[PDB]
$ cat my_file.cif   # mmCIF, C-alpha atoms and all ligand atoms
data_structure
loop_
_atom_site.group_PDB
_atom_site.id
_atom_site.type_symbol
_atom_site.label_atom_id
_atom_site.label_comp_id
_atom_site.auth_asym_id
_atom_site.auth_seq_id
_atom_site.Cartn_x
_atom_site.Cartn_y
_atom_site.Cartn_z
ATOM 1 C CA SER A 1 161.265 21.255 207.568
ATOM 2 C CA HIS A 2 164.358 21.355 209.951
ATOM 3 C CA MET A 3 163.874 24.080 212.423
ATOM 4 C CA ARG A 4 165.293 24.927 215.788
ATOM 5 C CA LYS A 5 163.517 23.018 218.552
ATOM 6 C CA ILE A 6 162.947 25.146 221.640
ATOM 7 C CA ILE A 7 162.966 23.041 224.804
ATOM 8 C CA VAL A 8 160.561 24.428 227.471
ATOM 9 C CA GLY A 9 161.080 23.153 230.984
ATOM 10 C CA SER A 10 158.006 22.836 233.162
ATOM 11 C CA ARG A 11 156.839 21.645 236.568
ATOM 12 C CA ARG A 12 154.141 18.935 236.443
ATOM 13 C CA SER A 13 151.100 20.619 238.125
ATOM 14 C CA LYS A 14 148.004 21.159 236.113
ATOM 15 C CA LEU A 15 148.574 24.904 236.497
ATOM 16 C CA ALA A 16 152.275 24.905 235.600
ATOM 17 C CA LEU A 17 151.681 22.904 232.437
ATOM 18 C CA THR A 18 148.639 25.038 231.565
ATOM 19 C CA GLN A 19 150.634 28.263 231.796
ATOM 20 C CA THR A 20 153.497 26.698 229.882
ATOM 21 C CA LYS A 21 151.244 25.520 227.074
ATOM 22 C CA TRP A 22 149.552 28.870 226.985
ATOM 23 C CA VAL A 23 152.841 30.609 226.334
ATOM 24 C CA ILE A 24 153.784 28.055 223.626
ATOM 25 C CA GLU A 25 150.443 28.554 221.882
ATOM 26 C CA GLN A 26 150.894 32.258 221.905
ATOM 27 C CA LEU A 27 154.410 32.050 220.459
ATOM 28 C CA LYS A 28 153.105 29.756 217.665
ATOM 29 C CA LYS A 29 150.840 32.611 216.532
ATOM 30 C CA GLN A 30 153.851 34.405 215.151
ATOM 31 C CA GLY A 31 154.156 31.490 212.641
ATOM 32 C CA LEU A 32 157.977 31.547 212.810
ATOM 33 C CA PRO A 33 160.004 28.402 212.168
ATOM 34 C CA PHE A 34 160.397 27.022 215.590
ATOM 35 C CA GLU A 35 159.280 23.782 217.129
ATOM 36 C CA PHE A 36 158.457 23.653 220.826
ATOM 37 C CA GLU A 37 158.702 20.717 223.148
ATOM 38 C CA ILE A 38 157.945 20.577 226.851
ATOM 39 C CA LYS A 39 160.485 18.819 229.111
ATOM 40 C CA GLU A 40 158.578 18.051 232.387
ATOM 41 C CA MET A 41 161.186 18.562 235.128
ATOM 42 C CA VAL A 63 162.676 27.566 240.156
ATOM 43 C CA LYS A 64 166.369 26.884 241.100
ATOM 44 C CA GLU A 65 166.623 23.390 239.501
ATOM 45 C CA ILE A 66 164.842 24.627 236.327
ATOM 46 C CA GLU A 67 167.481 27.455 236.316
ATOM 47 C CA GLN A 68 170.437 25.068 236.584
ATOM 48 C CA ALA A 69 169.049 23.010 233.650
ATOM 49 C CA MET A 70 168.709 26.213 231.680
ATOM 50 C CA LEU A 71 172.316 27.364 232.382
ATOM 51 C CA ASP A 72 173.465 23.853 231.317
ATOM 52 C CA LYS A 73 171.487 24.233 228.052
ATOM 53 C CA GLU A 74 169.346 21.250 228.852
ATOM 54 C CA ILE A 75 166.281 23.473 228.377
ATOM 55 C CA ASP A 76 165.994 26.830 226.649
ATOM 56 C CA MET A 77 163.190 28.489 228.552
ATOM 57 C CA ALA A 78 160.681 28.135 231.406
ATOM 58 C CA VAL A 79 157.428 29.837 232.356
ATOM 59 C CA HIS A 80 157.032 30.714 236.006
ATOM 60 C CA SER A 81 154.525 32.567 238.080
ATOM 61 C CA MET A 82 156.153 35.915 238.697
ATOM 62 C CA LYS A 83 155.200 35.929 242.345
ATOM 63 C CA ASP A 84 157.372 32.818 242.812
ATOM 64 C CA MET A 85 160.503 34.292 241.179
ATOM 65 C CA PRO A 86 163.607 34.996 243.184
ATOM 66 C CA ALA A 87 164.805 38.564 243.609
ATOM 67 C CA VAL A 88 168.021 37.845 241.727
ATOM 68 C CA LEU A 89 168.363 35.584 238.803
ATOM 69 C CA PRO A 90 171.598 33.575 238.396
ATOM 70 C CA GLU A 91 174.180 35.209 236.221
ATOM 71 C CA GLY A 92 173.536 34.318 232.555
ATOM 72 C CA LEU A 93 169.696 34.050 232.864
ATOM 73 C CA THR A 94 167.110 36.704 232.321
ATOM 74 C CA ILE A 95 163.398 37.349 232.304
ATOM 75 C CA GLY A 96 163.054 37.543 228.577
ATOM 76 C CA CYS A 97 159.339 38.246 228.441
ATOM 77 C CA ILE A 98 156.375 39.265 230.639
ATOM 78 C CA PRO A 99 153.112 38.691 228.747
ATOM 79 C CA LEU A 100 149.864 40.610 229.212
ATOM 80 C CA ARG A 101 148.924 40.285 232.803
ATOM 81 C CA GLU A 102 146.140 37.960 233.974
ATOM 82 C CA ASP A 103 143.842 39.127 236.765
ATOM 83 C CA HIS A 104 146.060 40.452 239.586
ATOM 84 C CA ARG A 105 143.437 40.006 242.307
ATOM 85 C CA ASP A 106 142.997 37.679 245.239
ATOM 86 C CA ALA A 107 139.736 35.686 245.131
ATOM 87 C CA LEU A 108 137.531 34.417 247.938
ATOM 88 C CA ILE A 109 136.025 30.912 247.362
ATOM 89 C CA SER A 110 133.319 30.227 249.941
ATOM 90 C CA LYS A 111 131.923 26.752 250.483
ATOM 91 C CA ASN A 112 128.433 28.116 251.043
ATOM 92 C CA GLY A 113 128.619 31.120 248.773
ATOM 93 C CA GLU A 114 129.002 34.044 251.171
ATOM 94 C CA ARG A 115 130.887 37.248 250.298
ATOM 95 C CA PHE A 116 133.611 38.245 252.760
ATOM 96 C CA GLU A 117 131.377 40.520 254.860
ATOM 97 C CA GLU A 118 128.594 37.876 254.851
ATOM 98 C CA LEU A 119 130.676 34.930 256.176
ATOM 99 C CA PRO A 120 129.448 33.952 259.622
ATOM 100 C CA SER A 121 131.258 35.105 262.702
ATOM 101 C CA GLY A 122 134.024 32.550 263.319
ATOM 102 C CA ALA A 123 134.395 31.560 259.658
ATOM 103 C CA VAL A 124 137.621 29.716 258.952
ATOM 104 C CA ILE A 125 139.455 31.069 255.869
ATOM 105 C CA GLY A 126 142.250 28.856 254.432
ATOM 106 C CA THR A 127 145.524 30.457 253.403
ATOM 107 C CA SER A 128 149.199 29.970 254.208
ATOM 108 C CA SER A 129 149.899 33.587 253.204
ATOM 109 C CA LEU A 130 150.571 36.127 255.894
ATOM 110 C CA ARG A 131 149.924 38.869 253.363
ATOM 111 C CA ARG A 132 146.410 37.547 252.709
ATOM 112 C CA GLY A 133 145.503 36.705 256.233
ATOM 113 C CA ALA A 134 146.718 39.930 257.770
ATOM 114 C CA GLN A 135 144.630 41.972 255.345
ATOM 115 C CA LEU A 136 141.551 39.976 256.037
ATOM 116 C CA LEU A 137 142.052 40.242 259.861
ATOM 117 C CA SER A 138 142.423 43.987 259.380
ATOM 118 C CA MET A 139 138.822 44.087 258.159
ATOM 119 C CA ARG A 140 137.344 41.426 260.436
ATOM 120 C CA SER A 141 138.382 40.235 263.825
ATOM 121 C CA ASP A 142 135.659 37.590 264.076
ATOM 122 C CA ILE A 143 137.235 35.271 261.480
ATOM 123 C CA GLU A 144 139.942 32.664 261.758
ATOM 124 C CA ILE A 145 142.854 32.189 259.346
ATOM 125 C CA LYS A 146 143.874 28.573 258.993
ATOM 126 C CA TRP A 147 146.940 27.201 257.192
ATOM 127 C CA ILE A 148 146.326 25.283 253.929
ATOM 128 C CA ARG A 149 148.727 23.959 251.278
ATOM 129 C CA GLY A 150 148.530 22.285 247.930
ATOM 130 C CA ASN A 151 148.173 22.964 244.295
ATOM 131 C CA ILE A 152 144.919 24.786 243.413
ATOM 132 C CA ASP A 153 142.849 21.713 242.806
ATOM 133 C CA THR A 154 144.013 20.056 246.099
ATOM 134 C CA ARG A 155 143.035 23.229 247.953
ATOM 135 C CA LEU A 156 139.612 23.295 246.446
ATOM 136 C CA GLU A 157 139.129 19.670 247.557
ATOM 137 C CA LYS A 158 140.335 20.480 251.063
ATOM 138 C CA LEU A 159 137.765 23.281 251.194
ATOM 139 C CA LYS A 160 135.074 20.741 250.391
ATOM 140 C CA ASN A 161 136.277 17.910 252.635
ATOM 141 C CA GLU A 162 137.946 19.660 255.588
ATOM 142 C CA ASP A 163 137.037 22.286 258.243
ATOM 143 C CA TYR A 164 137.405 25.453 256.107
ATOM 144 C CA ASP A 165 134.475 27.811 255.314
ATOM 145 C CA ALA A 166 136.409 29.551 252.539
ATOM 146 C CA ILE A 167 139.802 29.778 250.946
ATOM 147 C CA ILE A 168 141.735 32.532 249.186
ATOM 148 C CA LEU A 169 143.307 31.781 245.798
ATOM 149 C CA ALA A 170 144.749 33.947 243.067
ATOM 150 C CA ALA A 171 142.074 34.787 240.517
ATOM 151 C CA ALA A 172 144.671 34.214 237.816
ATOM 152 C CA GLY A 173 145.186 30.527 238.572
ATOM 153 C CA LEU A 174 141.503 29.827 238.561
ATOM 154 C CA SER A 175 141.112 31.693 235.317
ATOM 155 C CA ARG A 176 143.964 29.857 233.587
ATOM 156 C CA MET A 177 142.270 26.573 234.446
ATOM 157 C CA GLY A 178 138.732 27.688 233.459
ATOM 158 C CA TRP A 179 137.499 27.149 237.055
ATOM 159 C CA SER A 180 136.481 30.667 238.035
ATOM 160 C CA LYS A 181 132.809 30.516 237.092
ATOM 161 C CA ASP A 182 132.136 27.623 239.424
ATOM 162 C CA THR A 183 134.380 28.768 242.205
ATOM 163 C CA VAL A 184 134.790 32.511 242.863
ATOM 164 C CA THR A 185 132.495 34.053 245.414
ATOM 165 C CA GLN A 186 134.092 37.462 245.523
ATOM 166 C CA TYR A 187 136.973 39.033 243.572
ATOM 167 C CA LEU A 188 138.899 41.114 246.071
ATOM 168 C CA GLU A 189 139.695 44.599 244.924
ATOM 169 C CA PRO A 190 143.215 45.924 245.822
ATOM 170 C CA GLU A 191 141.621 48.460 248.110
ATOM 171 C CA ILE A 192 140.890 45.573 250.381
ATOM 172 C CA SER A 193 143.553 42.947 249.572
ATOM 173 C CA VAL A 194 146.620 44.340 247.882
ATOM 174 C CA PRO A 195 148.000 41.470 245.742
ATOM 175 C CA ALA A 196 151.333 39.795 246.036
ATOM 176 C CA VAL A 197 154.034 41.348 243.865
ATOM 177 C CA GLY A 198 153.823 39.835 240.445
ATOM 178 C CA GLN A 199 150.472 38.034 240.997
ATOM 179 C CA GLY A 200 148.822 37.216 237.651
ATOM 180 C CA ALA A 201 152.054 37.916 235.717
ATOM 181 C CA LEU A 202 154.254 35.246 234.214
ATOM 182 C CA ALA A 203 158.034 35.340 233.959
ATOM 183 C CA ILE A 204 159.431 33.668 230.841
ATOM 184 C CA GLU A 205 163.050 32.929 231.692
ATOM 185 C CA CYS A 206 165.780 32.204 229.158
ATOM 186 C CA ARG A 207 169.542 32.607 228.710
ATOM 187 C CA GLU A 208 170.749 36.106 228.370
ATOM 188 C CA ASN A 209 172.767 35.127 225.316
ATOM 189 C CA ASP A 210 169.910 33.316 223.531
ATOM 190 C CA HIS A 211 169.355 36.280 221.197
ATOM 191 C CA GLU A 212 167.264 34.261 218.743
ATOM 192 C CA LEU A 213 164.828 33.235 221.497
ATOM 193 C CA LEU A 214 164.833 36.732 223.041
ATOM 194 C CA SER A 215 163.762 38.092 219.627
ATOM 195 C CA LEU A 216 160.966 35.522 219.384
ATOM 196 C CA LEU A 217 159.763 36.437 222.845
ATOM 197 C CA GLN A 218 159.694 40.166 222.097
ATOM 198 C CA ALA A 219 156.335 40.137 220.350
ATOM 199 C CA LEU A 220 154.692 38.483 223.323
ATOM 200 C CA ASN A 221 156.163 40.929 225.881
ATOM 201 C CA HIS A 222 153.587 43.434 227.152
ATOM 202 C CA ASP A 223 155.457 46.568 227.964
ATOM 203 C CA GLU A 224 152.771 48.109 230.296
ATOM 204 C CA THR A 225 152.728 44.855 232.337
ATOM 205 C CA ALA A 226 156.516 44.581 232.407
ATOM 206 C CA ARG A 227 157.002 48.166 233.604
ATOM 207 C CA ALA A 228 154.346 47.801 236.358
ATOM 208 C CA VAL A 229 155.858 44.488 237.553
ATOM 209 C CA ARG A 230 159.396 45.908 237.453
ATOM 210 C CA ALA A 231 158.270 48.611 239.898
ATOM 211 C CA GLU A 232 156.671 46.014 242.154
ATOM 212 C CA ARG A 233 159.805 43.883 242.051
ATOM 213 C CA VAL A 234 162.221 46.755 242.865
ATOM 214 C CA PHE A 235 160.061 47.516 245.946
ATOM 215 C CA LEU A 236 159.969 43.822 247.048
ATOM 216 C CA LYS A 237 163.731 43.353 246.618
ATOM 217 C CA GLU A 238 164.567 46.517 248.576
ATOM 218 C CA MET A 239 162.265 45.362 251.360
ATOM 219 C CA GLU A 240 163.727 41.836 251.382
ATOM 220 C CA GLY A 241 160.287 40.525 250.797
ATOM 221 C CA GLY A 242 158.854 37.315 249.537
ATOM 222 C CA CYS A 243 156.102 34.787 249.864
ATOM 223 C CA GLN A 244 156.697 34.171 253.575
ATOM 224 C CA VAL A 245 156.531 37.863 254.569
ATOM 225 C CA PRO A 246 153.251 40.044 254.966
ATOM 226 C CA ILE A 247 154.239 42.341 252.075
ATOM 227 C CA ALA A 248 152.212 43.336 249.011
ATOM 228 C CA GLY A 249 152.674 45.498 245.991
ATOM 229 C CA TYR A 250 150.627 46.258 242.921
ATOM 230 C CA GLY A 251 151.541 48.530 240.080
ATOM 231 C CA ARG A 252 149.429 49.538 237.179
ATOM 232 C CA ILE A 253 149.609 52.059 234.334
ATOM 233 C CA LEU A 254 147.347 55.003 234.616
ATOM 234 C CA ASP A 255 145.439 56.354 231.646
ATOM 235 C CA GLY A 256 147.931 59.273 231.372
ATOM 236 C CA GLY A 257 150.810 56.743 231.110
ATOM 237 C CA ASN A 258 152.446 56.976 234.538
ATOM 238 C CA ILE A 259 152.840 53.992 236.809
ATOM 239 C CA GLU A 260 150.961 53.922 240.128
ATOM 240 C CA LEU A 261 152.381 51.583 242.745
ATOM 241 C CA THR A 262 150.508 50.572 245.854
ATOM 242 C CA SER A 263 152.795 49.179 248.581
ATOM 243 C CA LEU A 264 151.743 47.464 251.796
ATOM 244 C CA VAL A 265 153.272 45.724 254.823
ATOM 245 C CA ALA A 266 151.084 44.415 257.597
ATOM 246 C CA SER A 267 151.526 42.837 260.968
ATOM 247 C CA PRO A 268 150.417 39.222 260.923
ATOM 248 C CA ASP A 269 147.421 40.067 263.182
ATOM 249 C CA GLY A 270 146.280 42.860 260.892
ATOM 250 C CA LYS A 271 146.505 45.601 263.525
ATOM 251 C CA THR A 272 149.344 47.568 262.031
ATOM 252 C CA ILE A 273 149.143 48.434 258.300
ATOM 253 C CA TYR A 274 151.742 50.452 256.316
ATOM 254 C CA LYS A 275 150.231 51.435 253.000
ATOM 255 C CA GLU A 276 151.307 53.984 250.426
ATOM 256 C CA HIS A 277 150.697 55.034 246.845
ATOM 257 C CA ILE A 278 153.272 56.524 244.540
ATOM 258 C CA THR A 279 153.072 57.665 240.968
ATOM 259 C CA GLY A 280 155.881 58.136 238.459
ATOM 260 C CA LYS A 281 157.399 57.232 235.125
ATOM 261 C CA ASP A 282 160.469 55.164 236.075
ATOM 262 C CA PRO A 283 159.742 51.811 237.711
ATOM 263 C CA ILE A 284 163.138 51.659 239.404
ATOM 264 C CA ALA A 285 162.806 55.137 240.978
ATOM 265 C CA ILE A 286 159.223 54.543 242.153
ATOM 266 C CA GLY A 287 159.926 51.050 243.594
ATOM 267 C CA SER A 288 162.993 52.340 245.428
ATOM 268 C CA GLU A 289 161.089 55.365 246.796
ATOM 269 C CA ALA A 290 158.255 53.170 247.964
ATOM 270 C CA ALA A 291 160.694 50.979 249.800
ATOM 271 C CA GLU A 292 162.442 53.944 251.463
ATOM 272 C CA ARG A 293 159.087 55.393 252.536
ATOM 273 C CA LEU A 294 157.824 52.206 254.059
ATOM 274 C CA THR A 295 161.215 51.439 255.721
ATOM 275 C CA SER A 296 161.238 54.893 257.349
ATOM 276 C CA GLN A 297 157.814 54.216 258.714
ATOM 277 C CA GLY A 298 158.863 50.968 260.418
ATOM 278 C CA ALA A 299 157.837 48.321 257.879
ATOM 279 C CA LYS A 300 161.270 46.839 257.469
ATOM 280 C CA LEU A 301 161.695 46.345 261.182
ATOM 281 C CA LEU A 302 158.315 44.587 261.145
ATOM 282 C CA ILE A 303 159.504 42.273 258.333
ATOM 283 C CA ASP A 304 162.690 41.497 260.164
ATOM 284 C CA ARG A 305 160.771 40.668 263.358
ATOM 285 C CA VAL A 306 158.384 38.382 261.450
ATOM 286 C CA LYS A 307 161.308 36.499 259.938
ATOM 287 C CA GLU A 308 162.839 36.018 263.445
ATOM 288 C CA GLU A 309 159.607 34.303 264.573
ATOM 289 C CA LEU A 310 159.224 31.880 261.579
ATOM 290 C CA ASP A 311 160.970 28.524 261.043
HETATM 291 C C1 LIG B 401 154.521 33.992 246.860
HETATM 292 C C2 LIG B 401 153.389 33.009 246.945
HETATM 293 N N1 LIG B 401 153.260 31.964 246.173
HETATM 294 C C3 LIG B 401 152.132 31.375 246.522
HETATM 295 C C4 LIG B 401 151.591 30.124 245.776
HETATM 296 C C5 LIG B 401 151.237 30.482 244.268
HETATM 297 N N2 LIG B 401 152.107 30.884 243.357
HETATM 298 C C6 LIG B 401 151.518 31.109 242.196
HETATM 299 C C7 LIG B 401 150.232 30.874 242.384
HETATM 300 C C8 LIG B 401 149.223 31.080 241.241
HETATM 301 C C9 LIG B 401 148.876 32.584 240.984
HETATM 302 C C10 LIG B 401 149.834 33.381 240.100
HETATM 303 O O1 LIG B 401 150.284 32.790 239.122
HETATM 304 O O2 LIG B 401 150.088 34.511 240.422
HETATM 305 C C11 LIG B 401 150.034 30.505 243.665
HETATM 306 C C12 LIG B 401 148.711 30.074 244.359
HETATM 307 C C13 LIG B 401 147.643 31.097 244.656
HETATM 308 O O3 LIG B 401 147.985 32.149 245.095
HETATM 309 O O4 LIG B 401 146.555 30.798 244.318
HETATM 310 C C14 LIG B 401 151.580 32.059 247.522
HETATM 311 C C15 LIG B 401 150.221 31.773 248.189
HETATM 312 C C16 LIG B 401 150.240 30.978 249.472
HETATM 313 C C17 LIG B 401 148.809 30.781 250.153
HETATM 314 O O5 LIG B 401 147.896 31.583 250.027
HETATM 315 O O6 LIG B 401 148.716 29.875 250.892
HETATM 316 C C18 LIG B 401 152.363 33.106 247.768
HETATM 317 C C19 LIG B 401 152.188 34.182 248.843
HETATM 318 C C20 LIG B 401 151.132 35.298 248.633
HETATM 319 O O7 LIG B 401 150.458 35.270 247.661
HETATM 320 O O8 LIG B 401 151.114 36.151 249.483
#

$ encode --input "my_file.cif" --output "structure tokens" --more "lines below"
Ligand SMILES: *Cc1[nH]c(Cc2[nH]cc(CCC(=O)O)c2CC(=O)O)c(CCC(=O)O)c1CC(=O)O
Amino acid sequence: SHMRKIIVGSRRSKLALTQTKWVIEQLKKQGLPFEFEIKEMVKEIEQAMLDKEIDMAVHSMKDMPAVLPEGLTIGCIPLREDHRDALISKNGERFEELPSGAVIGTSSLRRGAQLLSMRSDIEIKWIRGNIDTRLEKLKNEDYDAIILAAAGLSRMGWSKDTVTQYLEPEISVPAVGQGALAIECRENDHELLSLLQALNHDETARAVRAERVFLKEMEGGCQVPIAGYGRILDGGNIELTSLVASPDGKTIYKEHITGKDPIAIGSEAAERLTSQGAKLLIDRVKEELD
């Protein structure tokens, strides 16, 4: 019959479309009268959305801006995927087993600084590309390993054949939002917001909100050696781990805070780390990037 057709904007990568289709398939489980169509197309997707050219988009949370444009919102955060960083070694060695001088591919200062904090006798080498391109570069270029998000590999069904070691937060604190998706829509799209409600995972959303408040107060992002991971403890409180590192791994600011209110705990984590010197570090790193 004649039902509202929800237009879902997506990037064209294998991963982007996979995450988008995942979300659509989950929403279909409610069996409500909506049709979904993907429009293959964060700031451009946002402009299209404000213009009503699309109704929603699915992004990786770790790629979301600190402030959404007025009139848009994160209308849903589904159950988190794996939050962890993953090591993918060409010849199968765990992190501690890689040979002295092993070249590990990442363009993330957060990742590389944490690895250099554990081992001096490795090299961190820039790499770019979508996940599949990076895995090919590992094979065909001078890298001994790469770091990827476990979540991306999982979404694609590639983990089994790729991951050498899942990195616990104790040794690589994840990027804020890693493994979470942001489903963005118009703030006034009440019908779509109600559809999205059943997919929202409150324990994930509250943990990520804490992470995000911390990142925004620190003026962090993907280009900065900053990390934050929140989870819900068995008693119900949120625990937030916050980290800033020097690019060379020699200086590490790392704290844990526990509380009920994600805004209060994110803000406190930020204040704590800023008093210790982590904000000055961030500002200096930004001065020495292009
Ligand atoms: C902030 C940032 N973005 C990226 C690239 C990226 N974004 C999303 C993913 C998939 C995982 C997810 O959905 O959470 C990825 C790719 C990946 O991490 O596998 C990065 C990584 C840059 C790199 O390592 O070169 C970052 C920065 C960071 O994670 O610190």

$ resolve_selection --input "my_file.cif" --expression "the PyMOL selection byres (((not hetatm)) within 8 of (chain B and resi 401))" --output "short mmCIF file (atom, residue, chain, number, x, y, z; two decimals) with C-alpha atoms, in the frame of the given file"
data_model
loop_
_atom_site.label_atom_id
_atom_site.label_comp_id
_atom_site.auth_asym_id
_atom_site.auth_seq_id
_atom_site.Cartn_x
_atom_site.Cartn_y
_atom_site.Cartn_z
CA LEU A 15 148.57 24.90 236.50
CA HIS A 80 157.03 30.71 236.01
CA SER A 81 154.52 32.57 238.08
CA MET A 82 156.15 35.92 238.70
CA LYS A 83 155.20 35.93 242.34
CA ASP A 84 157.37 32.82 242.81
CA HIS A 104 146.06 40.45 239.59
CA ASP A 106 143.00 37.68 245.24
CA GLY A 126 142.25 28.86 254.43
CA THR A 127 145.52 30.46 253.40
CA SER A 128 149.20 29.97 254.21
CA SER A 129 149.90 33.59 253.20
CA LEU A 130 150.57 36.13 255.89
CA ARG A 131 149.92 38.87 253.36
CA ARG A 132 146.41 37.55 252.71
CA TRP A 147 146.94 27.20 257.19
CA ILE A 148 146.33 25.28 253.93
CA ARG A 149 148.73 23.96 251.28
CA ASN A 151 148.17 22.96 244.30
CA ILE A 152 144.92 24.79 243.41
CA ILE A 168 141.74 32.53 249.19
CA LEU A 169 143.31 31.78 245.80
CA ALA A 170 144.75 33.95 243.07
CA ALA A 171 142.07 34.79 240.52
CA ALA A 172 144.67 34.21 237.82
CA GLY A 173 145.19 30.53 238.57
CA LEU A 174 141.50 29.83 238.56
CA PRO A 195 148.00 41.47 245.74
CA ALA A 196 151.33 39.80 246.04
CA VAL A 197 154.03 41.35 243.86
CA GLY A 198 153.82 39.84 240.44
CA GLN A 199 150.47 38.03 241.00
CA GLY A 200 148.82 37.22 237.65
CA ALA A 201 152.05 37.92 235.72
CA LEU A 202 154.25 35.25 234.21
CA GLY A 242 158.85 37.32 249.54
CA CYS A 243 156.10 34.79 249.86
CA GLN A 244 156.70 34.17 253.58
CA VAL A 245 156.53 37.86 254.57
CA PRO A 246 153.25 40.04 254.97
CA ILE A 247 154.24 42.34 252.08
CA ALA A 248 152.21 43.34 249.01
#

$ residues_around --input "my_file.cif" --residues "residue 12 of chain A" --least-positions-apart "2" --cutoff "12 Å" --atoms "all atoms listed in the file" --output "PyMOL selection string"
chain A and resi 9-10+14-21+38-41+151

$ atom_distance --input "my_file.cif" --atom1 "atom CA of residue 193 of chain A" --atom2 "atom CA of residue 133 of chain A"
9.3 Å

$ resolve_selection --input "my_file.cif" --expression "the PyMOL selection byres (((chain A and resi 97-102) around 7) and not hetatm)" --output "tab-separated table (two decimals) with C-alpha atoms, keeping the file's coordinate frame"
chain	number	residue	atom	x	y	z
A	95	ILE	CA	163.40	37.35	232.30
A	96	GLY	CA	163.05	37.54	228.58
A	103	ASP	CA	143.84	39.13	236.76
A	104	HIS	CA	146.06	40.45	239.59
A	172	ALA	CA	144.67	34.21	237.82
A	200	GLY	CA	148.82	37.22	237.65
A	201	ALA	CA	152.05	37.92	235.72
A	202	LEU	CA	154.25	35.25	234.21
A	203	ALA	CA	158.03	35.34	233.96
A	204	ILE	CA	159.43	33.67	230.84
A	217	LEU	CA	159.76	36.44	222.84
A	218	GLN	CA	159.69	40.17	222.10
A	220	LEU	CA	154.69	38.48	223.32
A	221	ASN	CA	156.16	40.93	225.88
A	222	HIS	CA	153.59	43.43	227.15
A	225	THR	CA	152.73	44.86	232.34
A	226	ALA	CA	156.52	44.58	232.41

$ residues_around --input "my_file.cif" --residues "residue 213 of chain A" --least-positions-apart "6" --cutoff "10 Å" --atoms "all atoms listed in the file" --output "PyMOL selection string"
chain A and resi 6+34+76-77+96+206-207
